[PDB]
Structures are given as structure tokens and as C-alpha cells.
């Protein structure tokens, strides 16, 4: 396709408080995402308190990047990203700012899945055995492990689609696990495609992740 593609990178949770390999975590993420030339614009969703750090980080980069303030939930912040998208935007990729190890290949794979799908997510087969349990803390059943996947990021969507879904989401009293669950809640015929992710594509939040992350770079 020749469509305009937007990337929204969220850093509006705990924000920048984090640095691994002598680089702020968001910068590593930013580095990787800025090399994906298929992506026409990058929108950072940030905490207002980190505005100065962010402005500074963005000086290092040329090309189409800008930021907007996040909000009080994950979904409210994403929607702030969505409203900020270029009017030309036809496809949107989303990615956690605190997942710095997503390879360029993974962003590319997520994007290429948009050729024939309107919704795409990344996920990996769970290495830990899952059980579904009941409300009395007894096992209900053990799902087939070959079909149990843990989601990560990036995700990507037809921009008009997910925007309309987000608008319906905010008019509702529904709670969702992630954006792709919206296609279930709002009875969609649109199938959500899964792209195999990377086991090294971890979230870096705790103090130990940082240590682990410093070691991973060294290997």
C-alpha cells in the first residue's frame, strides 16, 4: 500500500521514571522507530511533567516527530494520540515507550500485516502453562497451550476503524484489556491478525528489568 502511516508511542504511564546502556529507555525505542521509514509520522504521548526531558530528546531527531500530553487512563492517553494524528493518516501503529527491544523487523512485520487486515497485534506463545480458573479458585480447564498467547506491542489498525471504535468505547461503561479487544466488545466481523512477537521484547518498569536490560544489551 501507499497509505500515510502514523506511529503513536506511549510514555504517559509512569513516564521516564529509567536508563539502560547509558541511554534513556524511550530514546532506544525512539531510535528504532525512527529508522522504520515506512512510518510517516511519530506522535509521543507524554506526561506533562516530563515535557522538558521530552523536548530535549526530540532535538536529537530530525524528521516528523512531535508530542502531546497524555491523560488519566491508558485509553484516554491513546485517544489523545489518535486526535493528534495527521488528517492524512490512514493506518496507525501503537507501541509502548518502555519496550525498547522491539526489533525493526517486528515493526515492519506488523505493518505488512495491514495489507490484508484491518487490525494487527503482536504476541508470543506463553512459555508458562495457563489455566482458566473459576470464582471459587478451582481449575475450570487447561486451554490447549499451542493457542495461548501473551500480547506485547506494537499493534496496528486501520485508522478510521480504531478511531470510530475508540469513540464508541468512551461512550460506554466497558473496560478492555487492550485496544484489540474492542473488536470483540463491538461485535466486529473484522478479524484481528496475530504477528509472532519476540520474547526479548519486554517491558522495562521495575529496578530488576533495568539490570536485566543492561545485561541483554551486552550480549
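Numbering follows the first chain given and starts at 1.
Asker: Indicate whether the chain is continuous between residue 17 and residue 18 or, if not, how many deposited residues are absent from the coordinates: none, 1 to 3, 4 to 9, or 10 or more.
Answerer: Missing in between: 4 to 9 residues.
Asker: As stated in the PDB record, which stretch has the larger average Cα B-factor, 122 to 130 or 89 to 97?
Answerer: It is 89 to 97 that shows the higher mean C-alpha B-factor.
Asker: Name the higher of the two by mean Cα B-factor in the PDB entry, 112 to 120 versus 142 to 150.
Answerer: Going by the record's values, the stretch with the higher mean is 112 to 120.
Asker: Just to confirm, going by the entry's C-alpha B-factors, which of 62, 158, 41, 167 comes out highest?
Answerer: Highest C-alpha B-factor among the listed options: 62.
Asker: Which of these has the highest Cα B-factor in the record: 45, 182, 30, 57?
Answerer: Largest recorded C-alpha B-factor: 57.
Asker: Taking the C-alpha B-factors as the PDB entry records them, is residue 203 in the lowest, middle or highest third of its chain?
Answerer: For residue 203, whose C-alpha B-factor we compare with every modelled residue in the chain, the answer is the middle third.
Asker: Please place residue 211 in the lowest, middle or highest third of its chain according to the CA B-factor in the PDB entry.
Answerer: Its C-alpha B-factor, which the entry lists for residue 211, ranks in the highest third among residues of this chain.
Asker: Check where residue 217 lands among this chain's C-alpha B-factors and tell me if it's the lowest, middle or highest third.
Answerer: Ranked within chain, residue 217 CA B lands in the highest tercile.
Asker: Comparing residue 36 with the other modelled residues of its chain, is its CA B-factor in the lowest, middle or highest third?
Answerer: Middle third.
Asker: Going by what the PDB entry lists, where does residue 192 fall on CA B-factor within its chain: lowest, middle or highest third?
Answerer: Lowest third - that is where residue 192 ends up once the chain's C-alpha B-factors are sorted.
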